[PDB]
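K.L.:
Once you've had a glance at the structure underneath, I'll fire off some questions.
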Amino acid sequence: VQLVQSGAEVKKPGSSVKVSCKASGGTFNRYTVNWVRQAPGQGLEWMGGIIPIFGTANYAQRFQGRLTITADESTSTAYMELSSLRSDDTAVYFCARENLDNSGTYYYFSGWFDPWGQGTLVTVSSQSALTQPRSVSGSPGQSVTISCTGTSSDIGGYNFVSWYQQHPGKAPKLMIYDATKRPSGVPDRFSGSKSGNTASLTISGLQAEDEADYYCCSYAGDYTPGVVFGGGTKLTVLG
Amino acid sequence: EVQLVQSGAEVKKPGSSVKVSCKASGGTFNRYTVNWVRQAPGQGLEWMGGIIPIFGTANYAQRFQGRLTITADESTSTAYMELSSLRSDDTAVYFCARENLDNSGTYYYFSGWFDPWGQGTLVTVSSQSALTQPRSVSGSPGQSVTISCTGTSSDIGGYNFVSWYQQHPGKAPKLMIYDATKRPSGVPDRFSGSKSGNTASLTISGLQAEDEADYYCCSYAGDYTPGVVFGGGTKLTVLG
């Protein structure tokens, strides 16, 4: 049985969000669905669960009033709804199943969690990071293009755009400045372009060393000078 | 060339403050600005603020105003960042980054790009969980390690429903022990669990490099409080 969750989410504080958890195994009534969230660099926290057979759902004391968990047996999918979002709600949300054959029909939500979903990232922030694809994959020798788009406000001609490459455990390193210009040492396999609301980074002749996270960056261009980064794009090179 | 070196990692409680430093080995500090960018584990970059050492002026992003101040000492070419009223939401790696400065006399303009960067400083803000585990344990290959988990008489002390979970970076938790002592299929016999009073224990014999991960204990939270509680987690390092 495989548990598949809905894609990542970017919400503003005060709104709500729906996360789905669809199961690949049949006999939907046999299992219970739990939701466990994990903040970045934090531990696991139980939020609530649902039992399709009883139509019952329980929630933790801090989420009562802001959380509701549903399930539809026709699609074998479970849902969670968190309302009145705030910054401390930024976490990866996991769905986990409990088999009632082995664990019995009484001691449900007891911690026998198996299997798990892949997790769903939900980011809540008053400041809105520029929109990038979450991940891009390529083969060596091929080319990939990574876009960067304004989210709450548009990117324009007055915006200074830069691109940064970051390897695991290392500081970011400047790839592209002034939208299209390469700094000292950077090979011409990396190129940038900007048109209206969109900026793009192109990596041609992909090499294994290019596997990293890539961040666009915008400076100035508005009435309050500042710096805003993109959400990041994970680039995988399939050797 | 000029290398930016930052202070070491810190572990703080919520409600306190933290100061990270950023020393420049060479170059003149007066011809650059120093920015601070933070990065939560597994998350993107976030600009916090910058300082112009000559002007003695610092600008901060909106959400940090009232909690963040950035200072500098031109004598040691060191920039400082202080974040106050810490919350668990502030757990992140903190980078310092240098920005080029130029002027025409009275008007000073910035380059818009950051280079070079400091190595980054980790700051962990964690509170106490319902179950208490050691923050981290370290062992050598072949040795044994034991991770304890303490609760109250209404969870570990009143029920047998204690479970243990292993989590590798970027992956979902994986069940290693359930019902205090039972191993699920596909879990090696090196992992074992026990329970005594209000304390549960996970033991790993014949430690292997792949055992390096995060481990969480989990317990039924009593009949009057449906659901489960989790421990804060234990980072297990295998020193090869």
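All residue names refer to the structure tokens as shown: chains lettered A, B, ... in order, residues numbered from 1 in each chain, ligands numbered from 1 in order.
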Please identify every residue of chain B that has at least one atom no farther than 8 Å from an atom of chain A, counting only C-alpha atoms, and for each give the shortest atom pair and the distance in Å to one decimal, arranged by chain then increasing number, as a Markdown table.
P.N.:
| residue | atom | partner | partner_atom | distance |
| --- | --- | --- | --- | --- |
| B:40 | CA | A:40 | CA | 6.0 |
| B:41 | CA | A:40 | CA | 5.2 |
| B:42 | CA | A:40 | CA | 6.6 |
| B:43 | CA | A:40 | CA | 7.4 |
| B:44 | CA | A:231 | CA | 5.4 |
| B:45 | CA | A:229 | CA | 6.2 |
| B:46 | CA | A:229 | CA | 6.4 |
| B:47 | CA | A:227 | CA | 6.1 |
| B:61 | CA | A:226 | CA | 7.3 |
| B:63 | CA | A:126 | CA | 7.7 |
| B:88 | CA | A:42 | CA | 7.8 |
| B:89 | CA | A:88 | CA | 6.1 |
| B:91 | CA | A:41 | CA | 6.5 |
| B:92 | CA | A:41 | CA | 7.6 |
| B:95 | CA | A:171 | CA | 7.5 |
| B:112 | CA | A:219 | CA | 5.9 |
| B:113 | CA | A:162 | CA | 6.6 |
| B:114 | CA | A:174 | CA | 7.2 |
| B:115 | CA | A:174 | CA | 6.9 |
| B:116 | CA | A:173 | CA | 7.7 |
| B:117 | CA | A:171 | CA | 6.3 |
| B:118 | CA | A:171 | CA | 6.8 |
| B:119 | CA | A:171 | CA | 5.8 |
| B:120 | CA | A:171 | CA | 6.7 |
| B:124 | CA | A:41 | CA | 7.7 |
| B:126 | CA | A:42 | CA | 7.3 |
| B:161 | CA | A:110 | CA | 6.3 |
| B:162 | CA | A:111 | CA | 7.2 |
| B:163 | CA | A:111 | CA | 6.3 |
| B:171 | CA | A:118 | CA | 7.1 |
| B:172 | CA | A:118 | CA | 6.0 |
| B:173 | CA | A:116 | CA | 7.3 |
| B:174 | CA | A:114 | CA | 7.6 |
| B:175 | CA | A:114 | CA | 6.6 |
| B:178 | CA | A:112 | CA | 6.1 |
| B:179 | CA | A:112 | CA | 7.9 |
| B:216 | CA | A:44 | CA | 7.8 |
| B:218 | CA | A:111 | CA | 6.4 |
| B:219 | CA | A:111 | CA | 6.4 |
| B:220 | CA | A:110 | CA | 4.9 |
| B:221 | CA | A:110 | CA | 7.9 |
| B:226 | CA | A:58 | CA | 6.9 |
| B:227 | CA | A:109 | CA | 5.1 |
| B:228 | CA | A:110 | CA | 6.2 |
| B:229 | CA | A:46 | CA | 6.6 |
| B:230 | CA | A:44 | CA | 6.3 |
| B:231 | CA | A:43 | CA | 7.5 |
| B:232 | CA | A:43 | CA | 5.3 |
| B:233 | CA | A:43 | CA | 6.0 |
K.L.:
Give me, as a ChimeraX atom specification, the residues of range 13-140 of chain B that a backbone DSSP run labels strand (DSSP E).
P.N.:
/B:18-24,32-39,45-52,57-60,68-73,78-83,92-103,108-117,121-125,136-139
K.L.:
CA of residue 34 in chain B and CA of residue 94 in chain B, how far apart in Å?
P.N.:
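CA of residue 34 in chain B lies 12.8 Å from CA of residue 94 in chain B.
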K.L.:
Using only C-alpha atoms, find the one residue out of B:37, B:11, B:213, B:239 that sits nearest to residue 168 in chain B.
P.N.:
B:213
K.L.:
Find the residues around range 193-206 of chain A up to 7 Å (only C-alpha atoms counted), leave out those fewer than 5 positions away in its own chain, and share them as a PyMOL selection string.
P.N.:
chain A and resi 139-150+154-157+179-180
K.L.:
Compare A:69, A:53, A:78, A:130 by their minimum atom-to-atom distance to residue 21 in chain A, counting only C-alpha atoms, and give me the closest one.
P.N.:
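Answer, going by the shortest atom-to-atom distance: A:78.
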K.L.:
Tell me, in Å to one decimal, how far CA of residue 188 in chain B is from CA of residue 176 in chain B.
P.N.:
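So the two atoms, CA of residue 188 in chain B and CA of residue 176 in chain B, lie 8.9 Å apart.
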K.L.:
So, with only C-alpha atoms as the atoms that count, which of A:184, A:236, A:77, A:166 lies closest to residue 137 in chain A?
P.N.:
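Residue with the minimum atom-to-atom distance to residue 137 in chain A: A:236.
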K.L.:
Using only C-alpha atoms, can you tell me which of B:208, B:35, B:121, B:144 comes closest to residue 8 in chain B?
P.N.:
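Looking only at the distances to residue 8 in chain B, the closest residue turns out to be B:121.
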